[PDB]
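Okay, structure first, notes after.
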Amino acid sequence: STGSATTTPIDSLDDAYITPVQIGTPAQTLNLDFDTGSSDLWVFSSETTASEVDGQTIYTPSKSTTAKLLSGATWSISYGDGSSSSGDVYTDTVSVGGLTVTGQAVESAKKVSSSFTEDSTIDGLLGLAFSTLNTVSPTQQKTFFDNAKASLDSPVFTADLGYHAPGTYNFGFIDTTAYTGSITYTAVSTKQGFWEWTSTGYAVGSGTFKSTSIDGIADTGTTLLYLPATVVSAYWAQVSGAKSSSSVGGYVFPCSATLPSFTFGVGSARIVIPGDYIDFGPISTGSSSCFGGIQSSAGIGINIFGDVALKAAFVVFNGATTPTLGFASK
């Protein structure tokens, strides 16, 4: 089997991408944030505290003839940005882009933190990291991809995120028309539960490539590119007037600036992030200070190849027995 679904930016900045997901019978379609940095499929629901729902579409398990309470199971997750959610668990039929999994754990939110409530466009998350990170207790549950894997034509999914445009998540096949050149594959460590890999270096604009190992994670659920402070300083030093602002929470730059590209290495291959992808616009409405899309990871503990980086590539998440990542230009 295969599946193919369009993923759409939630706003004009590409802050996140939503993909329609069919849950239950008859289908209830919710727009989920596919997140290769986490491993829970959780949804706003008829159980979510009413004051914490503000425009999201909810899953109502009582209206699904295939929903079954997973007795005794609870979940609770905290994300790298400080947001969180928790609740109970149903199993139900879940379909993405024509690919159907029966018995998928659907984690129904009883509580969500304010950032989720305030984002009316995101009805939940669909985690695509390794199932070892799934938070369901006392019986950890498998991700949608893990459940689908054996049925797929090939045990892979691909992320093709658009810049200011829709893109595609495919399951079970590699669309050879969706990228240019060849796909360069690179080793993955699953020791932390992430799609963790090592970039071979970077360049700023037309500058020389610096060969240096940068361990990080491919994370579709993180907006920005978070790299070591040395790398980030070297990038922003090429933008007149850019500076790190403690009050804003990162590097800002004059909105009048033209940003240089940023290149990262994948083996001997190179992925170029155009400068425009690094502009996240005014820090507040009407400001001439703009927020940068490359930020320091120093306070995180891990480097994160988020959407800013991934949307410059066609990315293969190869879930074979020994997983690997593939990157192609497009």
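By order of appearance in the structure tokens: chains A, B, ..., then residues from 1 within every chain, and ligands from 1 in the order shown.
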
Contacts of region 105-163 of chain A with region 79-82 of chain A up to 12 Å, shortest pair per row, only C-alpha atoms, as JSON lines:
{"residue": "A:112", "atom": "CA", "partner": "A:82", "partner_atom": "CA", "distance": 11.6}
{"residue": "A:113", "atom": "CA", "partner": "A:82", "partner_atom": "CA", "distance": 8.9}
{"residue": "A:114", "atom": "CA", "partner": "A:82", "partner_atom": "CA", "distance": 10.3}
{"residue": "A:115", "atom": "CA", "partner": "A:82", "partner_atom": "CA", "distance": 9.1}
{"residue": "A:116", "atom": "CA", "partner": "A:82", "partner_atom": "CA", "distance": 11.0}
{"residue": "A:125", "atom": "CA", "partner": "A:79", "partner_atom": "CA", "distance": 11.3}
{"residue": "A:127", "atom": "CA", "partner": "A:79", "partner_atom": "CA", "distance": 11.8}
{"residue": "A:133", "atom": "CA", "partner": "A:79", "partner_atom": "CA", "distance": 11.7}
{"residue": "A:135", "atom": "CA", "partner": "A:79", "partner_atom": "CA", "distance": 11.7}

*For residue 210 (chain A), which residue among A:277, A:195, A:157, A:264 is the nearest when counting only C-alpha atoms?*
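Nearest candidate to residue 210 (chain A) out of A:277, A:195, A:157, A:264: A:264.
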
Counting only C-alpha atoms, give me one row per residue of region 67-136 of chain A with an atom at most 10 Å from an atom of region 169-182 of chain A, showing the shortest contact pair and its distance in Å to one decimal, sorted by chain then residue number, as JSON lines.
{"residue": "A:96", "atom": "CA", "partner": "A:171", "partner_atom": "CA", "distance": 8.7}
{"residue": "A:97", "atom": "CA", "partner": "A:170", "partner_atom": "CA", "distance": 8.0}
{"residue": "A:98", "atom": "CA", "partner": "A:171", "partner_atom": "CA", "distance": 9.7}
{"residue": "A:99", "atom": "CA", "partner": "A:171", "partner_atom": "CA", "distance": 7.8}

Dump C-alpha atoms for the selected residues as a PDB file, in the first residue's frame?
ATOM      1  CA  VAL A  96      -3.733   9.491   5.661  1.00  0.00           C
ATOM      2  CA  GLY A  97      -3.849  10.162   1.961  1.00  0.00           C
ATOM      3  CA  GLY A  98      -5.572   6.860   1.229  1.00  0.00           C
ATOM      4  CA  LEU A  99      -3.387   4.729   3.530  1.00  0.00           C
TER       5      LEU A  99
END

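All residues of protein, DNA or RNA that reach within 10 Å of residue 329 (chain A), judged by only C-alpha atoms and not counting those fewer than 4 positions away in the chain, are residues 178, 179, 180, 181, 182, 183, 184, 269, 270, 271, 272, 273, 311, 312, 313, 314 and 315 of chain A.
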
*Go ahead and compute the interatomic distance for CA of residue 86 (chain A) and CA of residue 156 (chain A), in Å to one decimal.*
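Going from CA of residue 86 (chain A) over to CA of residue 156 (chain A) covers 28.8 Å.
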
*Using only C-alpha atoms, which residue out of A:149, A:51, A:38, A:107 lies closest to residue 134 (chain A)?*
A:38

*Tell me, as an MDAnalysis selection string, which residues lie within 12 Å of residue 15 (chain A), counting only C-alpha atoms; anything in the same chain fewer than 2 positions away does not count.*
chainID A and resid 8:13 17:18 33 119 121:122 161:165 220:224 277:281 293 306:308 311

_Filtered DSSP result for region 115-282 of chain A, state strand (DSSP E or B), as a PyMOL selection string_ = chain A and resi 124-127+137+156-160+167-171+184-187+189+196-204+210-218+225-227+243-245+250-254+262-266+269-273+279-282

Export of the given selection (C-alpha atoms) as an mmCIF file, in the first residue's frame:
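File selection_1.cif, as written:
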data_model
loop_
_atom_site.group_PDB
_atom_site.id
_atom_site.type_symbol
_atom_site.label_atom_id
_atom_site.label_comp_id
_atom_site.auth_asym_id
_atom_site.auth_seq_id
_atom_site.Cartn_x
_atom_site.Cartn_y
_atom_site.Cartn_z
ATOM 1 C CA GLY A 124 -3.570 17.845 16.909
ATOM 2 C CA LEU A 125 -0.239 16.228 16.130
ATOM 3 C CA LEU A 126 0.723 13.070 14.272
ATOM 4 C CA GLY A 127 4.096 11.911 15.525
ATOM 5 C CA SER A 137 1.186 4.608 29.819
ATOM 6 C CA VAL A 156 9.536 4.771 4.005
ATOM 7 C CA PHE A 157 7.820 8.095 4.163
ATOM 8 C CA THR A 158 8.879 11.340 2.523
ATOM 9 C CA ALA A 159 8.476 14.986 3.458
ATOM 10 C CA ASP A 160 8.325 17.559 0.668
ATOM 11 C CA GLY A 167 3.747 20.288 -0.198
ATOM 12 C CA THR A 168 3.360 16.543 0.193
ATOM 13 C CA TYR A 169 3.791 13.692 2.658
ATOM 14 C CA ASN A 170 4.048 10.321 0.918
ATOM 15 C CA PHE A 171 4.000 6.912 2.588
ATOM 16 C CA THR A 184 21.999 11.246 -0.697
ATOM 17 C CA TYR A 185 21.411 8.900 2.200
ATOM 18 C CA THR A 186 23.037 9.324 5.589
ATOM 19 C CA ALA A 187 23.152 7.284 8.776
ATOM 20 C CA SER A 189 20.966 7.088 15.288
ATOM 21 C CA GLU A 196 19.168 11.928 14.385
ATOM 22 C CA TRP A 197 21.928 12.331 11.820
ATOM 23 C CA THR A 198 25.210 14.164 11.293
ATOM 24 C CA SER A 199 25.544 16.953 8.763
ATOM 25 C CA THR A 200 28.980 17.274 7.215
ATOM 26 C CA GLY A 201 29.199 21.069 7.434
ATOM 27 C CA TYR A 202 27.882 24.382 6.237
ATOM 28 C CA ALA A 203 28.433 27.464 4.134
ATOM 29 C CA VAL A 204 27.076 30.998 4.461
ATOM 30 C CA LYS A 210 33.262 24.514 6.400
ATOM 31 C CA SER A 211 33.640 20.771 6.923
ATOM 32 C CA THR A 212 32.478 20.019 10.451
ATOM 33 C CA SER A 213 30.212 17.380 11.960
ATOM 34 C CA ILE A 214 26.875 18.747 13.176
ATOM 35 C CA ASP A 215 24.692 16.170 14.932
ATOM 36 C CA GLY A 216 21.023 17.051 14.864
ATOM 37 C CA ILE A 217 17.489 15.847 14.275
ATOM 38 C CA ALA A 218 15.221 16.099 11.242
ATOM 39 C CA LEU A 225 16.797 25.756 12.083
ATOM 40 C CA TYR A 226 18.646 25.521 15.417
ATOM 41 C CA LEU A 227 22.425 25.125 15.144
ATOM 42 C CA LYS A 243 22.079 40.937 16.405
ATOM 43 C CA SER A 244 21.003 38.505 19.082
ATOM 44 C CA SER A 245 18.303 40.088 21.233
ATOM 45 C CA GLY A 250 17.062 35.247 19.375
ATOM 46 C CA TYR A 251 18.642 36.799 16.348
ATOM 47 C CA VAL A 252 16.790 39.660 14.720
ATOM 48 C CA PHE A 253 17.719 41.609 11.635
ATOM 49 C CA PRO A 254 16.584 44.738 9.796
ATOM 50 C CA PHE A 262 22.716 28.886 4.077
ATOM 51 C CA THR A 263 24.068 25.556 2.831
ATOM 52 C CA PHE A 264 24.249 22.368 4.872
ATOM 53 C CA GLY A 265 26.097 19.189 3.993
ATOM 54 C CA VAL A 266 24.618 15.718 3.636
ATOM 55 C CA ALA A 269 26.027 16.596 -1.165
ATOM 56 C CA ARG A 270 24.845 20.102 -0.358
ATOM 57 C CA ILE A 271 21.372 21.474 0.365
ATOM 58 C CA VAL A 272 20.975 25.217 -0.172
ATOM 59 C CA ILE A 273 18.440 27.133 1.915
ATOM 60 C CA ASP A 279 13.010 35.575 7.002
ATOM 61 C CA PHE A 280 10.277 35.130 9.618
ATOM 62 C CA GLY A 281 9.026 38.675 9.363
ATOM 63 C CA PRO A 282 8.454 41.480 11.829
#

*asked:* So the first atom is CA of residue 16 (chain A) and the second is CA of residue 151 (chain A); what is the distance between them in Å, to one decimal place?
replied: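 We find that CA of residue 16 (chain A) and CA of residue 151 (chain A) lie 28.6 Å from each other.
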